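Survey of secondary and tertiary structure
One letter stands for each residue in the lines below.
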Amino acid sequence: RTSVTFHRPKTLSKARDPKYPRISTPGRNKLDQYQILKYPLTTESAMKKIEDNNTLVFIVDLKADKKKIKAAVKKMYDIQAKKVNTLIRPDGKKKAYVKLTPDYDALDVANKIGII
Amino acid sequence: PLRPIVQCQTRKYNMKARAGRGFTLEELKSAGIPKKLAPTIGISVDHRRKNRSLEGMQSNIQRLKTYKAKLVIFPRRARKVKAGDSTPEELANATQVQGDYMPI
Amino acid sequence: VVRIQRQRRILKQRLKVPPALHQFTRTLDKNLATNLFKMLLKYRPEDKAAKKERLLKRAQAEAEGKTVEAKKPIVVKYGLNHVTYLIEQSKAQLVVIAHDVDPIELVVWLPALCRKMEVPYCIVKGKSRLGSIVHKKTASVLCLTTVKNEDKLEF
Amino acid sequence: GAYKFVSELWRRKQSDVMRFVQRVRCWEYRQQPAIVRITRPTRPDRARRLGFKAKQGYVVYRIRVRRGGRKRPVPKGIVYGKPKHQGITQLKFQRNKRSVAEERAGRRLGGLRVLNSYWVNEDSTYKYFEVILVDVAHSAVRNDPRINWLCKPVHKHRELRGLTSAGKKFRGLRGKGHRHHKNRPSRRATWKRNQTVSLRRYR
Amino acid sequence: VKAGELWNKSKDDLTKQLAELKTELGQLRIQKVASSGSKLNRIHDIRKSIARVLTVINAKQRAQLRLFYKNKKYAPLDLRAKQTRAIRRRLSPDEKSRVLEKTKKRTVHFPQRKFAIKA
Amino acid sequence: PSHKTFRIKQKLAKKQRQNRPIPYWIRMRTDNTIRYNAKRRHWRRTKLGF
RNA sequence: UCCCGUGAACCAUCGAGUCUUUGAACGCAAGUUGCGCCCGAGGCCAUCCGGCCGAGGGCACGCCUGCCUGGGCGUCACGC
RNA sequence: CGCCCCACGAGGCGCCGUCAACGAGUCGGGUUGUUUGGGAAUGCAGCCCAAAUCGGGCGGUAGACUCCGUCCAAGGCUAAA
RNA sequence: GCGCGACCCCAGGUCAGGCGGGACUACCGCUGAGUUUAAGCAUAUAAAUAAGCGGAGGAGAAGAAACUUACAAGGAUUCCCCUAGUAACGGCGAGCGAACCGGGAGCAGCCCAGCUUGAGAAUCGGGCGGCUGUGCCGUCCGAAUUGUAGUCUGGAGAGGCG
Ligand SMILES: [Mg+2]
Ligand SMILES: [Mg+2]
Ligand SMILES: [Mg+2]
Ligand SMILES: [Mg+2]
Ligand SMILES: [Mg+2]
Ligand SMILES: [Mg+2]
Ligand SMILES: [Mg+2]
Ligand SMILES: [Mg+2]
Ligand SMILES: [Mg+2]
Ligand SMILES: [Mg+2]
Ligand SMILES: [Mg+2]
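Residues numbered from 1 in each chain as written, not as in the entry; some residues may be left out. Chains lettered and ligands numbered in written order. Part of a larger assembly, values for the part shown. Heavy atoms only, no water.

Per the deposited record, determination of this structure is attributed to cryo-EM, with the resolution reported as 3.4 Å.

Chain F appears in the PDB entry as 60S ribosomal protein eL39 from Triticum aestivum. This entry appears in the Protein Data Bank under the title "Wheat 80S ribosome pausing on AUG-Stop with cycloheximide". If you open the UniProt record of chain F and go to Sequence similarities (unreviewed entry), you find "Belongs to the eukaryotic ribosomal protein eL39 family." (UniProt positions renumbered as here; feature names shortened; annotations may be inferred.)

Taking the PDB entry as the reference, chain A is identified by name as 60S ribosomal protein uL23 belonging to Triticum aestivum. Of the comments in the UniProt record for chain A, the one headed Sequence similarities (unreviewed entry) reads "Belongs to the universal ribosomal protein uL23 family." The UniProt entry for chain A carries this comment under Function (unreviewed entry): "Binds to 23S rRNA."

Written out as structure tokens, the structure is:
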């Protein structure tokens, strides 16, 4: 030896090789697009937002985040979001403001879903 | 199972006979019934008692002989009747005696 | 773990070992031990793979011949209880004691028993090396009770 | 048969050979943790006679306990009460150290069940016991009829509940006649029985 | 749609019907906030139909996987039998019937013979 | 506080909903005993204690 | 169409399923939806046949049996 | 009720006289503490001393001798009331 | 310049697995008071209780004499009646207080360790494979000779003859 301190030698370990999976079923995606966009909020405030800012205002799942919100607004509606803002309403539900790229028109999307 | 006539302890009750716990090894041997077989056929065995009197031994030996006299034993199987069994013709009237079948 | 096991031999050196335990560390010589182990290697027990065949090939003798033609094999005996029974019944011709048995009380009493039942005994070095003779991890005692007629002089 | 030899050699505990080997084992023990797994019994005969077997699932664990009595844990030796409960320093614990060691090993070793425990070595401050533990989820114990009785659920924490050899010793169950008639089924059971006011229906 | 006919479908068709039902649920929550009157009850039916079709998905899937692992291989924890923890930690009847050799002899010999008296 | 933790925000959300008059159609419902919401809470009188 | 039936029901009952965040609570903590690490169905382009986004799922503590990689002249036999 | 027929193994019974193996810091003793109805000490516990194999524990007054009655601890399982 | 074997101990998100917490009626172990009574109070009493700390089950605990008795003796455990408010214990004050015998309820006794296959670990676990699937069987590893299985448990037993 050279150093007067003894250290635990580098052993070799194996990664897990289970003989039977502790979970058989594949976990279903419970935050699918339909749980993650419950419904577009249609109060007069969001109504004015539709034309003045080209944004759709949704009530979204409380466990959703901006990444999943954009990914979901892309799969539904065949659109994409330039930006998304989220707040949690006092009533408990999360409300999301989805601002569209200017290629897409919020009035056309909101008429193809039916809000106005 | 069968129980022996024994004396009580204790000057107050020394003369008053009562049912004990089991026949001693001496008693089983002299009545011709093996140790391990006696509890099988309804005869208690008390390896802890001691026989200190012929008066006690023959008193219980008469009980062993009486029990073997009026004992019936079904065969372990249906047709095979081995030694120590009993004949079907008198097996067919067998009943369940109720109460004390040998009073003391 | 290393520290206590080194201090173990240090403390066993410092303290005054009593005669009963000091009879150990006085082992059979190197040449004599190797020469004896040559013979102990000659008289090894039966392996497991070598024990399957002895029972598998008597099949023809048991199913068809209805005869037992086998003879007595000569092997070294082992196990503390079996060897102590043999030594007390005087069917032991030689006893081999491992010097390094832990706990030592398993073999402390052997030398007096051997000596006063008048049995040749040696304390060789290495219970693992004894265990190899019989294919177990530790053996702690061996004994020869009989040798083939072609090796009596050299025994 | 060697176990008679080794048992008698452990009977002679003040001989020179045992003094030597027991002092050196005491030092080795004092240099290790309190609870340590050990591969094999140091007292094969004593372990066997208590139900140890060279079989998988029977483990041996060496337990250390301090000696001396139980000195009352009160904040400054102040015991608020009448003078007859006011002592501190000469009180004795009503469980023997063998039981204390079993009840240490039982708590630290949850998945195993305490079978027995036996003295191995002793000094001025610590007693060393070897506790035999049994792994009752292990098939080689499930398939041994002499030890299945320990796999039934009613034998959980025998050590913590007073059911082992030390348990019965300190419960005073070693005896049957007078001098031991109050301790059946237990001292508390007999106290309850003797205190129950039997008010018969037609009293 | 009914379950008697809903088990009797293929996996792809059953998930495709799941997807269509979920889109319908989306549009009914759409019209919940704006309109009312007559379509507001179909949401109950669509929700229960989601429940039916997912129950069929899961029941059929777990039945198939019970078949697959029920070659008496190692069975997974979500498939092993949960009864109670005591039940899982009891001994099997063979384990309980373990009795020693001397007792096996004492029951081959010296059984409990069957007797009466007054013979 | 304007800086409230999410736990407190989530648990003040519920005590919002917990404070509403009973639906009118509860009163006409058969074999009913509900006369009003006997668990209303006012912000100046009963502090939520958290 | 739920009505001489694959069948209503705030019905009964129970075997097939779901069972959010927690809590013995178990990745680390917690007036924090805080901070990590690993596997990975699936897709992208190819800075290679690699990398990026992942659906999900692991990662606690002591313990037993076994297996793997190891440490110490603790006991050695054999060797340079 | 039916087919399967029970041994050279084990058991029981009778005799013999040869062996006859039985649990250790455990019992047991002193002192302390607690507890008990247990009183020259009922159990338990700490510390010290510490065994026995023609022996050991009991026989409710400590003590030694003689005899007698009795049981075999320091490992384990066990419904029923 | 090493390859070996054993011991003892490491680290493994290794394979397979058991632990922890909850309920309080009843049950087991430890710990453990005082208000009160004694017309005060300090031993005693309250009480070997309440509180504290743990552990299980459908019951728990005990249980097959190192027993009681002094008899013509009986005979595991548990519970009820009687023993008995008795013997005893107690500033012999307040008070406290069992057991044997007997009658009933129910009754079942068992298995280990040690001397004992030594022509020969006859034993057990695990991986894999099969089938008839709470197990059985084959193969390969491991445990184990510091002793697994079998025989034995004092009432015996081991041997030998029938
Ligand atoms: Mg924000
Ligand atoms: Mg106390
Ligand atoms: Mg005392
Ligand atoms: Mg018990
Ligand atoms: Mg007063
Ligand atoms: Mg007063
Ligand atoms: Mg006063
Ligand atoms: Mg309490
Ligand atoms: Mg029980
Ligand atoms: Mg009276
Ligand atoms: Mg009292």
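All names here are of chain A. One open sheet accounts for 4 strands, arranged β1-β2-β4-β3; its pairing is antiparallel. Two strands bound the open sheet, and with one partner strand each, they are β1 (37-40) and β3 (81-88). The average undirected angle you get between the axes of adjacent strands in this sheet is 30°. Across 3 bridges, β1 lies against strand β2 (residues 55-60) in antiparallel orientation. Bridging across to β2, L37 finds its partner in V60. Its contacts with the sheet put helix α2 (residues 44-53) on β2 and β4 (94-100), and the angle it makes with β2 is roughly 140°. (Pairing = 2+ DSSP bridges. Helix = DSSP H or I, 4+ residues; strand = E, 2+ residues; numbered from the N terminus. Axes fitted to C-alpha atoms, helices over the stretch in contact; angles between N-to-C directions. Contact = heavy atoms within 4.5 Å.)

Let us look at the interface of chain D and chain C. The interface is formed by 22 residues belonging to chain D together with 23 residues belonging to chain C. Carbon and sulfur atoms make up 73% of the area that chain D and chain C hide from each other, which totals about 2000 Å². It is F5, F20 and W27 of chain D that lose the most area in chain D upon contact with chain C, and together they represent 30% of the buried surface on that side. On the surface where chain D and chain C come into contact, there are 2 salt bridges. Between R8 of chain C and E28 of chain D there is a salt bridge, with the nearest N and O atoms lying 2.6 Å from each other. Counting across the chain D and chain C interface gives 4 residue pairs in polar contact. For the side of chain D that touches chain C, the elements supplying multiple residues, two or more each, are α1 (3-11) and α2 (16-30) of chain D. Looking at the side of chain D that touches chain C element by element, the count peaks at 10 residues for α2 of chain D. Taken together, the residues of the side of chain D that touches chain C break down into 14 nonpolar, 4 polar and 4 charged. (Buried area = accessible area lost by both parts, 1.4 Å probe. Salt bridge = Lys/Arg side-chain N within 4 Å of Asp/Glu carboxyl O. Polar contact = N/O pair within 3.5 Å; in protein donor to acceptor, adjacent residues only side chain to side chain. Nonpolar A, V, L, I, M, F, W, Y, C, P; charged D, E, K, R; others polar.)

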